[PDB]
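Just the one chain here, laid out as structure tokens, in the form deposited in one PDB entry.
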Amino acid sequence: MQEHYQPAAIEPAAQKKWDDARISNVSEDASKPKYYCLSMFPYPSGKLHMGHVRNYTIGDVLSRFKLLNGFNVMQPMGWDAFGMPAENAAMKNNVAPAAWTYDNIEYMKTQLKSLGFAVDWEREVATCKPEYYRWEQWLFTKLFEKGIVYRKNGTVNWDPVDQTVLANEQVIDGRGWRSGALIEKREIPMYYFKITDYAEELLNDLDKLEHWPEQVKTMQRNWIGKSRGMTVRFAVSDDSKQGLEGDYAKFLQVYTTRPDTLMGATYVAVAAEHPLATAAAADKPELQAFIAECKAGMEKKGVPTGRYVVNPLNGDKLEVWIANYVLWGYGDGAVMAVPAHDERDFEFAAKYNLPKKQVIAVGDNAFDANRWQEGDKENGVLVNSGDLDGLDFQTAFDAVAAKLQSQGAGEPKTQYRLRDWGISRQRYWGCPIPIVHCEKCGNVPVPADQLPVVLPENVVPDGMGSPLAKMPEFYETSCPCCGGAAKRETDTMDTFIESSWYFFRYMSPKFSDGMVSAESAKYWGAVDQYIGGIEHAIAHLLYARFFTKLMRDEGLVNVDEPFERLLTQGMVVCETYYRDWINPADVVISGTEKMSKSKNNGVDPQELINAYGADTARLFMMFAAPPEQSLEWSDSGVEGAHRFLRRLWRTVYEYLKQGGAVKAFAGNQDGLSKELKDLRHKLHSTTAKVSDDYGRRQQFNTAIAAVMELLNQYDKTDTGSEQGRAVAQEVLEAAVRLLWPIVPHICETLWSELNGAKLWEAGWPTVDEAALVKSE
């Protein structure tokens, strides 16, 4: 054993030892329990930096821990290669997106290999390769013929800087997710996934996820935004039906989220384009001028119609008003009004002298009918509501439902803030949409045998429009239904399509007959442990659950949920500079910020490895903070981690130098001195603590600190006697195994100096319970 700790000697040798043994190349082996640990794969939008390294080191620690515990561990890595991240970085450097992506991938592979992650590289995927994206094209066509994917014109989010439409989940505070530019509204046909068909299942199945952070589930619940409401039909008065036809001559229908206030409705509003408004305006120029002023176009305005509808629950004849705040096409185009319990209706009734019937009371408060007081749903009881008096909200809801159901005048209706997922992008670098437009047959999907629709890679966009719409050699084709002249779709799929199913592709990444093979899907099931940032809560983490249910319903998988456990690691943060983002190693001082290529404050892992070794980089990331807490970059933290590794190396070197290796102490410890019994007590207490920290608490910094304390007590114990050396051997053999998930290169090397067996076959250290009993 050499005296000096030299990471450049031992880390390549350890990595070759692990690669040769193929311990990370796993098959569907039915003898060991499976463990699927996955970190969110990166965009090839530049060099990885230490923030990514923290993400992936956390995954490796958990993978290596489960490996030593006898699991068949799949930890796969790959490249989220399509979409704006890679393309925007390529265009900034005048490089074609394809060439830029593949070169970035190869540098990112060398970075990760230098860090010694226990990755099954034989499962590597690159999402921009046709062997990958053909299968999402296949799924697209299958869902298109079912109507789960559809094309429709509509109002969309337009990003004027990235020059593409964006999904709702990609609009962050009204700004594009990559550009930061203020979003605009346009009318543009897009392709949609009917994710609202799965809104209820997406919402309810969150309750299954006992091992997700509550915050992620809460954000998804609010994004889905379910509201249980009530459809209510008001019978049109017999004297108020002139000019109307069909249902509009019979009833006026509205949707409301407060049917407990239905007994308090004092008037009703309709949109200017509602058939009741147009029928009432036919005989009166009073309303036509208001409908014209409304159809032209915020402050609330309204006019009475003289038409009346009948409240189904008490028979009150409410007057119909035309109001500029009632949007047509939004629902029924009509609403009821409860001013005493809705602030908007209170203002409308105050501005136009409309009654205010109180129907809810909160505790012991009075009702001043001319001053709005702060609409409580949770704390409230009904008054002036017939047999509804005394009922709280949820009981009044179901009671009103039963009442309306008995007369055919209404029924419960659930709505969601979630809208359908718009996936069309006016971008070159993305999965081609497998549609051909035929003048005779319409928008037709490409046959399965003709898939993939191959994206040409010989393209350098100029930044002025969709490049594919500019290439007749791409879009001119034949219709697959009739053989006439036709045009391929030239929009591509948003990059989140690829990340919504890549975790299944890892299970069988060379499978040529489908997205994922039935045998491998049945073996691996779902991801046991997922690690990635909280920024994915409303988009990827929601999209992925949706795709999983889609693929399940197509018969491709048999799980309901893609990810069992989710760890959202904290951000690595670092100082930033701008002028034009500079890097600290090389103006303005924009202050401490998340490490990101977008701010050019990333620390390259390869440079730290070249100066200090991969084990140092890994150790600092796991020791500096609990994994969910943000971690501030620090040179002294790097140096402190390196000194500990020198201490570990020096500790074993000095032990071996004074006698060499002996057999570790084991068995009954009666006869050991008290100092050595205390050391064994600390040793096995530390094994229990580390085991619990890796497994149950997932707190790796305190695991490292526990091992440091064991070494502290070791240093203060005289271990030079024969029994001392056996206990020293035991301490050091446990210590390097406990730390191997964190710093495997130095622990593998030290293990081989201590013991001739293979570390991963000696397994995880066991707790000797007899060592934990205190002496009398």
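Just count from 1 along the sequence shown to find any residue number.
According to the record, the deposited sequence contains 10 or more residues between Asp586 and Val587 that were left without coordinates. The entry models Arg579 and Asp580 with a gap of 4 to 9 deposited residues left without coordinates. Just going by the entry, 591-599 versus 480-488 on mean CA temperature factor gives the higher value to 591-599. Averaged over their C-alpha atoms, the temperature factors of 644-652 and 237-245 are higher for 237-245. Reading the B-factor column for the CA atoms of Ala617, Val119, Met507, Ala277 in the entry, the top value corresponds to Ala277. Across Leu209, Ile360, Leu542, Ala167, the entry's maximum B-factor at the CA atom is seen for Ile360.
Looking at the C-alpha B-factors along this chain, the one for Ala521 belongs to the lowest third. Among all modelled residues in its chain, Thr686 ranks in the lowest third by Cα B-factor.
Annotation for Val26: CA B-factor lies in the middle third of the chain's modelled residues. In this PDB entry, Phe393 carries a Cα temperature factor that places it within the highest third of its chain's modelled residues. Ranked against the other modelled residues of its chain, the C-alpha B-factor of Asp260 as given in the entry falls in the highest third.
Not pictured, yet referred to below: the form deposited with a small molecule bound.
The contact with the small molecule in the deposited bound form, taken as any heavy atom within 4.5 Å, belongs to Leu327 out of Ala249, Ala99, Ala448, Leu327. Between the small molecule and the residues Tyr255, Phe474, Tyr308, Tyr198, the one pair within 4.5 Å by heavy atoms in the deposited bound form involves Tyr255. Heavy atoms within 4.5 Å of the small molecule in the deposited bound form are found in exactly one of 331-339, 394-402, 311-319, 549-557, that being 331-339. Although the partner is absent here, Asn365 is not a contact residue: none of its heavy atoms lies within 4.5 angstroms of the small molecule in the deposited bound form. Residue contact check for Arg417: one or more of its heavy atoms lie within 4.5 Å of the small molecule in the deposited bound form.
Taking the partner from elsewhere, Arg175 is found to have every heavy atom lying beyond 4.5 Å of the small molecule in the deposited bound form. For the chain shown alone, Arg650 is not a contact residue for the small molecule in the deposited bound form, no non-hydrogen atom being within 4.5 angstroms.
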